[PDB]
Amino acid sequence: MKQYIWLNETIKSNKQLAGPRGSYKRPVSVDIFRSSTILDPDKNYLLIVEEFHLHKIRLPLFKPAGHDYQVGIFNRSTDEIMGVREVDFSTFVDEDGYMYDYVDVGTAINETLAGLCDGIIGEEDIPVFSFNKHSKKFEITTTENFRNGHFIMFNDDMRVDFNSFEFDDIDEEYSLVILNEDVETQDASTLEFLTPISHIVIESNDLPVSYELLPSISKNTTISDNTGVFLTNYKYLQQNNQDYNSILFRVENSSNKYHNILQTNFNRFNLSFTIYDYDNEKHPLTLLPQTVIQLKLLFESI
């Protein structure tokens, strides 16, 4: 008596629908609509998302608002701090608050550093902070008399997010960057610390499916009655410096991500793709002209 009902669905795009480079920000959404009912009224069903493919989409790599970076210059002779300046990303950011290239994250940190040294260090001893495309690691390029005279300072947010450099803590907030070579690099990639993207989610405002329990909407009370609809949640990881992506999800062996279907009598519902950031700020996945999206669902009877 076990029944398997498979529902495929797709989304084509174009320049008229999405605008140049996805300027219109059209959310990825699909209206499933059929002439008859999908499920039998005698049976109880579970819903699982078997697969999806988000082919040719754009995702942000950095979100300055979440971070509070600061750089500084220390002196060896006087043994005191020369200055401290916050990293200003304002010129590099798009309207929605995001950046799309770790070269630009590296550039912004460099301009803050070069600007801080303007009065106090000579031109050819100004250290350069940059992002290497090959190794996916940030590097610090320095002269030998700079290393003898001064140190570069990172505050705790810079310390943590660029953790694979070598550090020597001077106080509660600031740390010195230990530099022995002309070109010093990270021991390891830390791009996972910089990406704002946490999860990608499929939701539905009208599908009669059992909600997931959530914590309190407010920041105050532990007590909560809050719920939400989630059909699958895919954990996103940023392996490299590619803002343009092609994301394949295929359910594996265990396939534990089931949700109860509450009402059998329906022929219509909406599905949407939503991106959650690490700060829990929600925003929709948007189409490019060249985006194709595939989706496969399974309604399984019990």
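Don't overthink the numbering: it's just position in the shown sequence, from 1.
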With reference to the PDB entry, specify whether the mean Cα temperature factor is higher for 260-268 or for 241-249.
260-268
Mean C-alpha temperature factor, higher of 218-226 and 91-99:
218-226
Selection from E192, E139, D157, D168 [criterion: highest C-alpha temperature factor in the record]:
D168
Which listed residue, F146, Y174, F162, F131, has the largest C-alpha temperature factor in the record?
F146
Classify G122 as lowest, middle or highest third according to the C-alpha B-factor given in the PDB entry, relative to its own chain.
highest
Cα B factor band for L39 (lowest, middle or highest third within the chain)
highest
Rank-wise, by C-alpha B-factor, drop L285 into the lowest, middle or highest third of its chain.
lowest
Chain third (lowest, middle, highest) by recorded CA B-factor, residue given as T232
lowest
Chain-wide C-alpha B factor ranking for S198, given as lowest, middle or highest third:
lowest
